[PDB]
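Student: Quick mapping for you: the protein sequence lines, in order, are chains A, B, C, D, E and F.
Take any residue in the first sequence, note its place counting from 1, add 819, and you have its number in this note's numbering.
Take any residue in the second sequence, note its place counting from 1, add 1276, and you have its number in this note's numbering.
Take any residue in the third sequence, note its place counting from 1, add 468, and you have its number in this note's numbering.
Take any residue in the fourth sequence, note its place counting from 1, add 75, and you have its number in this note's numbering.
Take any residue in the fifth sequence, note its place counting from 1, add 2, and you have its number in this note's numbering.
Take any residue in the sixth sequence, note its place counting from 1, add 1188, and you have its number in this note's numbering.
Quick one: the structure is below, questions incoming.
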Amino acid sequence: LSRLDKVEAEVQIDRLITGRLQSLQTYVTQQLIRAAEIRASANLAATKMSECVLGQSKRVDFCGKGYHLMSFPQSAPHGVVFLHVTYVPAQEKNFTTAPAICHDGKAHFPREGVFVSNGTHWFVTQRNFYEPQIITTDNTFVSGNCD
Amino acid sequence: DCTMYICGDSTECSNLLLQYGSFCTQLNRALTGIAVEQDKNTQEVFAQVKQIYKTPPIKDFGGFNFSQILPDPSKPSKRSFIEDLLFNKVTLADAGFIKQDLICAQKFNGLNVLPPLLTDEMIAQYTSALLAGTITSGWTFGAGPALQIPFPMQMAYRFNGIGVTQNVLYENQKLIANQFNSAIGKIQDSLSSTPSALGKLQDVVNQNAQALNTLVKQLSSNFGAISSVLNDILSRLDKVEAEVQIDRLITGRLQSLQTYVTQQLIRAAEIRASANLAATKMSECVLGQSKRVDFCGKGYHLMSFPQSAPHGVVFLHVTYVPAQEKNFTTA
Amino acid sequence: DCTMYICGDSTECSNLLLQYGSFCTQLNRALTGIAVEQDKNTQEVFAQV
Amino acid sequence: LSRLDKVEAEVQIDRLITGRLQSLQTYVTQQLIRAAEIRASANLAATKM
Amino acid sequence: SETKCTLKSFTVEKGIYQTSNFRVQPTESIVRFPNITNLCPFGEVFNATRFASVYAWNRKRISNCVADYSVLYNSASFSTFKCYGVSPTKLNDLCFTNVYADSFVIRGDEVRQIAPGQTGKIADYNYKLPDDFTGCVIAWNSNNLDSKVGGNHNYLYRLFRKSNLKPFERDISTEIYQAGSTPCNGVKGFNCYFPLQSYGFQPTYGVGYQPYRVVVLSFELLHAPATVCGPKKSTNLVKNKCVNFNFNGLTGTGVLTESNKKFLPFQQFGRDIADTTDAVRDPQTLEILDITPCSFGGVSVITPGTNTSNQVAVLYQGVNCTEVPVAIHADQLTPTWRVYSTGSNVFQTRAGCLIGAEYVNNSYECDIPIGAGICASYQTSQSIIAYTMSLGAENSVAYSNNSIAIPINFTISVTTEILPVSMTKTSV
Amino acid sequence: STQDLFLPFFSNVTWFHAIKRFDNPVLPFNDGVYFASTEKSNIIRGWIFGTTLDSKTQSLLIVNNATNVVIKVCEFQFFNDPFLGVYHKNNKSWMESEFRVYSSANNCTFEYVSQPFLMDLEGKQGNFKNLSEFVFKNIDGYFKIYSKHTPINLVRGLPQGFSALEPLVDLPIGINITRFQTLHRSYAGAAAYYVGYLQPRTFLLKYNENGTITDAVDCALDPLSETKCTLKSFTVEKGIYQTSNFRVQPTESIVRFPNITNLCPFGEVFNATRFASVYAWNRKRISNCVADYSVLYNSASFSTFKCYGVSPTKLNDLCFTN
Ligand SMILES: *[C@@H]1O[C@H](CO)[C@@H](O[C@@H]2O[C@H](CO)[C@@H](O[C@H]3O[C@H](CO)[C@@H](O)[C@H](O)[C@@H]3O)[C@H](O)[C@H]2NC(C)=O)[C@H](O)[C@H]1NC(C)=O
Ligand SMILES: *[C@@H]1O[C@H](CO)[C@@H](O[C@@H]2O[C@H](CO)[C@@H](O[C@H]3O[C@H](CO)[C@@H](O)[C@H](O)[C@@H]3O)[C@H](O)[C@H]2NC(C)=O)[C@H](O)[C@H]1NC(C)=O
Ligand SMILES: *[C@@H]1O[C@H](CO)[C@@H](O[C@@H]2O[C@H](CO)[C@@H](O[C@H]3O[C@H](CO)[C@@H](O)[C@H](O)[C@@H]3O)[C@H](O)[C@H]2NC(C)=O)[C@H](O)[C@H]1NC(C)=O
Ligand SMILES: *[C@@H]1O[C@H](CO)[C@@H](O[C@@H]2O[C@H](CO)[C@@H](O[C@H]3O[C@H](CO)[C@@H](O)[C@H](O)[C@@H]3O)[C@H](O)[C@H]2NC(C)=O)[C@H](O)[C@H]1NC(C)=O
Ligand SMILES: *[C@@H]1O[C@H](CO[C@@H]2O[C@@H](C)[C@@H](O)[C@@H](O)[C@@H]2O)[C@@H](O[C@@H]2O[C@H](CO)[C@@H](O)[C@H](O)[C@H]2NC(C)=O)[C@H](O)[C@H]1NC(C)=O
Ligand SMILES: *[C@@H]1O[C@H](CO)[C@@H](O[C@@H]2O[C@H](CO)[C@@H](O)[C@H](O)[C@H]2NC(C)=O)[C@H](O)[C@H]1NC(C)=O
Ligand SMILES: *[C@@H]1O[C@H](CO)[C@@H](O[C@@H]2O[C@H](CO)[C@@H](O)[C@H](O)[C@H]2NC(C)=O)[C@H](O)[C@H]1NC(C)=O
Ligand SMILES: *[C@@H]1O[C@H](CO)[C@@H](O)[C@H](O)[C@H]1NC(C)=O
Ligand SMILES: *[C@@H]1O[C@H](CO)[C@@H](O)[C@H](O)[C@H]1NC(C)=O
Ligand SMILES: *[C@@H]1O[C@H](CO)[C@@H](O)[C@H](O)[C@H]1NC(C)=O
Ligand SMILES: *[C@@H]1O[C@H](CO)[C@@H](O)[C@H](O)[C@H]1NC(C)=O
Ligand SMILES: *[C@@H]1O[C@H](CO)[C@@H](O)[C@H](O)[C@H]1NC(C)=O
Ligand SMILES: *[C@@H]1O[C@H](CO)[C@@H](O)[C@H](O)[C@H]1NC(C)=O
Ligand SMILES: *[C@@H]1O[C@H](CO)[C@@H](O)[C@H](O)[C@H]1NC(C)=O
């Protein structure tokens, strides 16, 4: 302006205005896309809070790796941090198994657990932890025959 | 490449493009971000296991026959029959394995297609590892140390999961195995017969191809100038009034590039959402058994099997459906 | 309609709009895609039986 | 057109066309973003069903 | 240093940084214009005896000759030069399909009326130019050559017409115009004017009425097998090299190879989808030659952390790097540095060619990606190596139809997870 | 796809048959004229182009009189019944004695004689009917010519098939042409020609791999062809395809300006006695009258006209507040 009067100045002013308006529009569009991605992340965070912190989740690999027990939230700048406490088995032993027991000409199946033998005697154990028990009718339910 | 696309091999046009700042740099940054995001998507979808499990040489699974999903050693690649059908049905254009034909016109204008980090053989290796781990150990391999379990007992556990007592399997094993084999054969026939199934992938392939084609075609427009070719504009008009045409050309080509980049960003966001859904489905359905209604297929879910495909993944949901009911009196 | 909106009932303006290429076609394709997506959304929400 | 001869009608109509094309493009981009948000909401509604 | 330029910083993070892409500059230049030598008869155009009147402007055909517009532009006796679509300087470097030369004499104040889109009696009645006229107009006074004290009346123009003429339209009829409502016939009548108007050219007339001889060239360019060219001399042709070629004015750069396109005799150019040329018929040898710009590609710089080391690597995506030895630094390149092209460390991948890294066979976790399953890392006496990434540790399971494994002891682990929630507000 | 002058497909072409004795009618050349011939021994050899044909204005003359083809544009005074007449006259050859086409050629601005154009192709002796297709364009004073010659084996109608025309020569005749007449070889033979009319339209030109046009479709002939041109492809999938929007075109024009008739006193402005000085510049008010800026813009004694917000051309079609 201090160098050119109005008629020939408007020629440069319009070019500058178009350039700066284009830059502003690009900035706004990019901000909108980033905001959409952030809304997606925030919705995921809210769902994780509601299901892992306020309860216990059966969804695999959602609230941490392993069998979920509980969680604790922690604040952070523009975010949130979860501490997923999970149950992981450590040491396994190989065994011999069988699907049923035929004793009085009838098939026996476990109410809860699996049939297991160490090589000489048979027991029933819950699936995720070793605890042998003597075969009892309280452990088994009868249906069908042995053929 | 912004500079070649806008002002291919011209110092005079490069000098004018220099006056506009960092538009080209911003476009390159966005494109690089999208390119990295694609590898991130594939990584999260397929890399859920860190140890590659191997199927046993024996194939005695109590009557179940997995020949149509396990890899076939005779083929040089570890692809099964169904995966072969999936790779056959898709017409993938310009995979980018050194193009030393429309894709030739694209390349010479600065339009590059980069190869993916994970190859179609490594993806098949990941899929085979997942499938072998599932068929050998149930869901334990996704939760911790892999624990072997007979398949005829794993299926009894699944039936116990869907609220059916386990003796039903031990009394109907042969019939159940026959049903499963017949269903797998029906999938084989359906995928060998119909073609509209893989339209969901052919659509994104066509979208990318058509977007690149339109971007290529955009160079033929005058955008108000006397000619669409900068070489002739220079050869006819001297260094003074050629500016009045070159600035118009530069602005038009910049608008075309910006539109292309914005559309690519929106498409990438949609694909990212789809890939997140695919990863969630893998974790929920393959590595375990899900109680969510109509998530892992129609009916009561039992198990699932992953299969690779060009730019996608295919799940085979095995479900339990009652068929023959009888009316009764209750109290 | 791109040409109606920009150059309603003017052949001289239509000729100038012709020089710009496929902008109008791209806009029409995007709008048609959105329109089809709306029906797809309604169908997938309500047509589960 | 009824006031100015074709030569300067060019100089006016090109500016008008550029402005109107910019407005159309802005409208289409905003509609695309809104459609994406609505599609996410529709997917959530289908899952809730 | 180029990565430092790209990042606008003095510290670079561990990874791969795409930089300015390379291009092979042309090795030499070839000129191939048709070898005609006969001079164009511009004498009979500019410096002939007499010019036909504006209402019946003469058209003289000029073709199959070599013209030099420098001698027409450099003369100081001329008055006006304004060219459309072409510049006066650039005429000598370009060829013409055909030369349509229009010459006539008009008034001094009517020189403006030659421009297309203007309005005036001459443009309205006997000489109108197309809205997108291309060519040059030559204007200069000729009063001392075509003006007489007794009155020069041999130049005529039409006064009235039924309607505006089309561009480049010529009318010769002398029909009496019916200016009034009632029709008439015969030689003359009331409100019945003879279409042609006469003028008494005399030297006593001041500026603005003097006769101004005007020559207008309306050639069309570079969409046809041109036949009129400038004084540029031909040059021998070579193949299989990136060369700055120009056939009949088609300035361009690339490597040319004899294609198999059957150009029909009225066809001189072949074009791609993007309206760029793809083949050309040489004006001297009637074969057909394909044109492709010589190879190019991106440049990536593979580097470890700046504090860790300074040694780097280079990757050429999409380029079979057998051309890299051909990329000798005799001709220049967009990237100035070439010291890495020494060799003995060259490896080909599906993602391109990697130079400056030693390929090994042992596998590791993928440190920084290159592409197509190959990725590099910096370690041990330390250098940048390249290897195929390992998917994991192989582990077979002992399946059998009558064995199970159940755990005996358990461990409790705690795992962290970070999720962005919100971003900074901003108003502009 | 190209947008310019082109004949629509499936057009209702006018047809001719030279069965005896006959005459060649005169037909308009508005917006270009399509022309075809399935003939024997090259009976059709020329055309006459013009707007008045009676030496009042210029006209175009093309004749293939055995020795060579002549192209001539003059002030032709054509005869009312132009014909050509020719056999085995002591030389075993056939000679064309008569060239009765015009009587006056006062002023000529364009002439051309190179060679005859009876380029007969393979087969010989007219075993298969020869299709000589011609299209002529007269745009901005440029007369463009396209030509073809191909054999067909259909008995009477136009051969159902595809072809394209090569350009022959461009003629800068620069004359007004609204009508045309065709030429002949009068000596045992029958000839037929079609008279079609070019139109500004668009077609999808399907070039083959070798550079020869193999097929073409219209963009406005029928809805299927409109979908084809919209999709830029020759195959259409099942579905609904939105195409170009319609608009009702206006039936007639109405002019409604105020019905005042007194002429504006521009005489008291321009042809006034004296003006006021620049420091006290005069102002005169003019309203409620009839003006005409053409008489102000057409005077040659004036020096400068710079009109801002308005062009000098559009002044007579605009009305002013005050
Ligand atoms: C598989 O598990 C079986 C159950 O523990 C186990 O049998 C048990 O063996 C112990 C010996 O370590 C017996 O304990 C008795 O051992 C002697 C035998 O004379 C007694 O003097 C002791 O006082 C003690 O009572 C258990 O009675 C016996 N239990 C059963 C149900 O048989 C097998 O030895 C295990 N087999 C293998 C291969 O590990
Ligand atoms: C598991 O299922 C497999 C697929 O159904 C099945 O392979 C199929 O085996 C049959 C017979 O063994 C083959 O049929 C052909 O066999 C020989 C080949 O020369 C011919 O003599 C026959 O007439 C017939 O053409 C099928 O071709 C084959 N399927 C495939 C895809 O190769 C396995 O046998 C099944 N395994 C078990 C243990 O059940
Ligand atoms: C080329 O020749 C054409 C044929 O003469 C000529 O068209 C003619 O133009 C005149 C002038 O307008 C018309 O005369 C009629 O004009 C109006 C109708 O718009 C009537 O009100 C008048 O009373 C008068 O009858 C002719 O009718 C018209 N001829 C035809 C066949 O339409 C062109 O103008 C000539 N072109 C050039 C550039 O000179
Ligand atoms: C077919 O029509 C042609 C067009 O009129 C006609 O061309 C005419 O040919 C004669 C002689 O060949 C020319 O007469 C002049 O020819 C040369 C020119 O230098 C001189 O040596 C002669 O003495 C004589 O001056 C005509 O000028 C020429 N017509 C035109 C318009 O140029 C053919 O002769 C015609 N053929 C037959 C068989 O009739
Ligand atoms: C449990 O057993 C499996 C394999 O079964 C055993 O095979 C013999 C070794 C013998 O001990 C049989 O009685 C068993 O039935 C073990 O898997 C093996 O592990 C070792 C490493 O310890 C490895 O070298 C082998 O390759 C594995 N077997 C196969 C077929 O790959 C498993 O380790 C055993 N678990 C424990 C806790 O001992
Ligand atoms: C990279 O280029 C080289 C040569 O430029 C290719 O080597 C050619 O390979 C083909 C196929 O085996 C042979 O017919 C040629 O004779 C080879 N050329 C030479 C000079 O030896 C090489 O194949 C290319 N790389 C890839 C991956 O295709
Ligand atoms: C067209 O030709 C005619 C006749 O050759 C020209 O008319 C002659 O013009 C001269 C010059 O004034 C007169 O002396 C003659 O009397 C005219 N003859 C006739 C019969 O009128 C006419 O000038 C030519 N047209 C052009 C544009 O030159
Ligand atoms: C016309 O005459 C001048 C002066 O003699 C001469 O220089 C010029 O070359 C002539 N014109 C042409 C076209 O040669
Ligand atoms: C150029 O010169 C060569 C050698 O004399 C000749 O064969 C060729 O025909 C010439 N070019 C043309 C276009 O005639
Ligand atoms: C790089 O090394 C220097 C010195 O060894 C160290 O101070 C700096 O922290 C290192 N960079 C990072 C990012 O830790
Ligand atoms: C890797 O092994 C292959 C064969 O197993 C051999 O040809 C190649 O030379 C080896 N690479 C190196 C760097 O030794
Ligand atoms: C062609 O037009 C003539 C005359 O109007 C008419 O008799 C004939 O039926 C038309 N034919 C077609 C196919 O339109
Ligand atoms: C035969 O040809 C000659 C030369 O061409 C010619 O002079 C003669 O008149 C011809 N014969 C007749 C009968 O015209
Ligand atoms: C002034 O006088 C001239 C000469 O007669 C006349 O033509 C002109 O119309 C007059 N001015 C006006 C404005 O009428």
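The C-beta atom is built at its ideal place from N, Cα and C for all residues, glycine as well.
1) Distance, Cα to Cα, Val1383(F) vs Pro1339(F)?
2) For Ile1361(F), does the three-state DSSP call read helix, strand or coil?
3) Note down the Cα distance separating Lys1502(F) from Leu96(D), rounded to an integer number of angstroms.
4) For ligand 14, which residues count as neighbours when the test is a C-beta closer than 6 Å to any heavy atom?
5) Hey, would you say the C-beta of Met1283(F) is under 7 Å away from at least one heavy atom of ligand 13?
6) Would you tell me roughly how many angstroms separate the C-alpha atoms of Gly320(E) and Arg352(E), rounded to the nearest one?
7) Quick check on DSSP: helix, strand or coil for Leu1272(F)?
8) What number of angstroms, rounded off, separates the C-alpha of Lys1426(F) from the C-alpha of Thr1403(B)?
9) At 8 Å on the CB atoms, spell out the chain E contacts of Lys1244(F), in chain order.
10) Please look up how many angstroms separate the CB atoms of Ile32(E) and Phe247(E), rounded, as I've assumed it's under 8 Å.
11) Consult DSSP for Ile408(E) and reduce its assignment to one of helix, strand or coil.
12) What does the shell around ligand 3 hold, if a residue joins when its beta-carbon is under 6 Å from any heavy atom?
13) Is the closest heavy atom of ligand 11 to the C-beta of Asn363(E) under 7 Å?
14) Is any non-hydrogen atom of ligand 13 found closer than 7 Å to the C-beta of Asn1279(F), if you look at the structure I gave you?
15) What residues from chain D crowd round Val513(C), counting only those whose CB sits closer than 7 Å?
16) Can you list, in chain order, every residue whose CB sits closer than 6 Å to a heavy atom of ligand 1?
17) Assign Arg273(E) to buried or exposed, taking buried as 16 or more other Cβ atoms, counted over all protein chains shown, within 10 Å of its Cβ.
18) Which stretch, first to last residue, makes up the beta strand (DSSP E) that contains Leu1215(F)?
19) By the criterion of Cβ-Cβ separation under 8 Å, what are the contact partners of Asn1398(F) in chain E?
20) Kindly give me the distance between the Cβ atoms of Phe1271(F) and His1205(F), rounded to whole angstroms, as I take these residues to be in contact under 8 Å.
21) Can you name the residues of chain F whose CB is closer than 8 Å to the CB of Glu83(D)?
22) Tell me the residue span of the beta strand (DSSP E) that contains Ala281(E).
23) Label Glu112(E) either buried or exposed according to how many other C-beta atoms from any shown protein chain fall within 10 Å of its C-beta, with 16 as the threshold for buried.
24) In chain D, which residues lie less than 7 Å from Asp133(E) when you measure between Cβ atoms?
25) Check whether the Cβ of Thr1490(B) lies closer than 8 Å to any Cβ atom in chain D.
26) Cβ of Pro227(E) within 7 Å of any heavy atom in ligand 9?
27) Is the beta carbon of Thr417(E) within less than 7 Å of some heavy atom of ligand 6?
28) Tell me the DSSP secondary structure of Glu1447(B) in three-state form.
Tutor: So, to answer that:
1) What you label residue 1383(F) is simply residue 195 of the sixth sequence in a count that begins at 1. What you label residue 1339(F) is simply residue 151 of the sixth sequence in a count that begins at 1. Between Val1383(F) and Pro1339(F), the alpha-carbon positions lie close to 20 Å from each other.
2) Counting from 1 along the sixth sequence, the entry for residue 1361(F) is found at position 173. Residue state, collapsed to three classes: coil.
3) Mapped onto the sixth sequence, residue 1502(F) falls at position 314. Mapped onto the fourth sequence, residue 96(D) falls at position 21. Between the alpha carbons of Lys1502(F) and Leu96(D) lies a gap of roughly 28 Å.
4) Selection around ligand 14 by beta-carbon proximity, strictly under 6 Å to any non-hydrogen atom, yields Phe1454(F), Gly1455(F), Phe1458(F) and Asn1459(F) in chain order.
5) Counting from one through the sixth sequence, the residue named residue 1283(F) turns up at place 95. Answer for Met1283(F): yes, Cβ within range of ligand 13.
6) The count along the fifth sequence starts at 1 and reaches residue 320(E) at position 318. The count along the fifth sequence starts at 1 and reaches residue 352(E) at position 350. Distance between the alpha carbons of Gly320(E) and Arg352(E): 8 Å.
7) Translated into the one-based positions of the sixth sequence, residue 1272(F) becomes position 84. In the three-state DSSP reduction, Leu1272(F) falls in the coil class, being neither helix nor strand.
8) As a position in the sixth sequence, residue 1426(F) is number 238, starting the count at 1. As a position in the second sequence, residue 1403(B) is number 127, starting the count at 1. Between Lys1426(F) and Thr1403(B), the alpha-carbon positions lie close to 37 Å from each other.
9) Translated into the one-based positions of the sixth sequence, residue 1244(F) becomes position 56. Here the neighbours are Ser175 and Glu177.
10) Mapped onto the fifth sequence, residue 32(E) falls at position 30. Mapped onto the fifth sequence, residue 247(E) falls at position 245. Confirmed, about 5 Å.
11) Within the fifth sequence, residue 408(E) is the residue found at index 406, counting from 1. It is a strand residue.
12) Counting only beta-carbon distances shorter than 6 Å to the non-hydrogen atoms of ligand 3, the qualifying residues in chain order are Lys164(E), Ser165(E), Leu167(E), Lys168(E), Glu171(E), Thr1239(F), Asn1364(F) and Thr1366(F).
13) Translated into the one-based positions of the fifth sequence, residue 363(E) becomes position 361. The answer is yes for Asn363(E).
14) Stepping through the sixth sequence from its first residue, residue 1279(F) is reached at position 91. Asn1279(F): yes, Cβ under 7 Å from ligand 13.
15) Residue 513(C) sits at position 45 when you count from the first residue of the third sequence. Result: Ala117, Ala120, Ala121 and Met124.
16) A Cβ closer than 6 Å to some heavy atom of ligand 1 marks a residue here, and those residues are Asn937(A), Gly938(A), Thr939(A) and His940(A).
17) The residue labelled residue 273(E) in the question sits at position 271 within the fifth sequence. Exposed, by the Cβ-count rule.
18) Position 27 of the sixth sequence, counting from 1, holds the residue named residue 1215(F). Counting along the chain, the beta strand (DSSP E) containing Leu1215(F) begins and ends at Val1214 to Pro1216.
19) If you number the sixth sequence from 1, residue 1398(F) lands on position 210. Against chain E, a Cβ distance below 8 Å from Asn1398(F) picks out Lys264.
20) Against the sixth sequence, residue 1271(F) aligns to sequence position 83. Against the sixth sequence, residue 1205(F) aligns to sequence position 17. The Cβ separation is near 17 Å, so there is no contact.
21) What you label residue 83(D) is simply residue 8 of the fourth sequence in a count that begins at 1. Residues of chain F passing the Cβ test: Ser1499.
22) The residue labelled residue 281(E) in the question sits at position 279 within the fifth sequence. Residues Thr279 to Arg283.
23) The residue given as residue 112(E) occupies position 110 in the fifth sequence. So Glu112(E) counts as buried.
24) In the fifth sequence, counting from the first residue as 1, residue 133(E) sits at position 131. Ordered by position in chain D, the residues that pass the 7 Å Cβ test against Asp133(E) are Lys81.
25) One-based indexing of the second sequence puts residue 1490(B) at position 214. For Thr1490(B), the answer is no, since every Cβ of chain D falls outside 8 Å of its Cβ.
26) Translated into positions along the fifth sequence, residue 227(E) becomes position 225. Result no, Cβ not under 7 Å from ligand 9.
27) In the fifth sequence, counting from the first residue as 1, residue 417(E) sits at position 415. When distances are taken from the beta-carbon of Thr417(E) to the heavy atoms of ligand 6, even the shortest one reaches 7 Å or more.
28) Taking the first residue of the second sequence as position 1, residue 1447(B) is located at position 171. Under the three-state reduction of DSSP, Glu1447(B) is assigned to helix.
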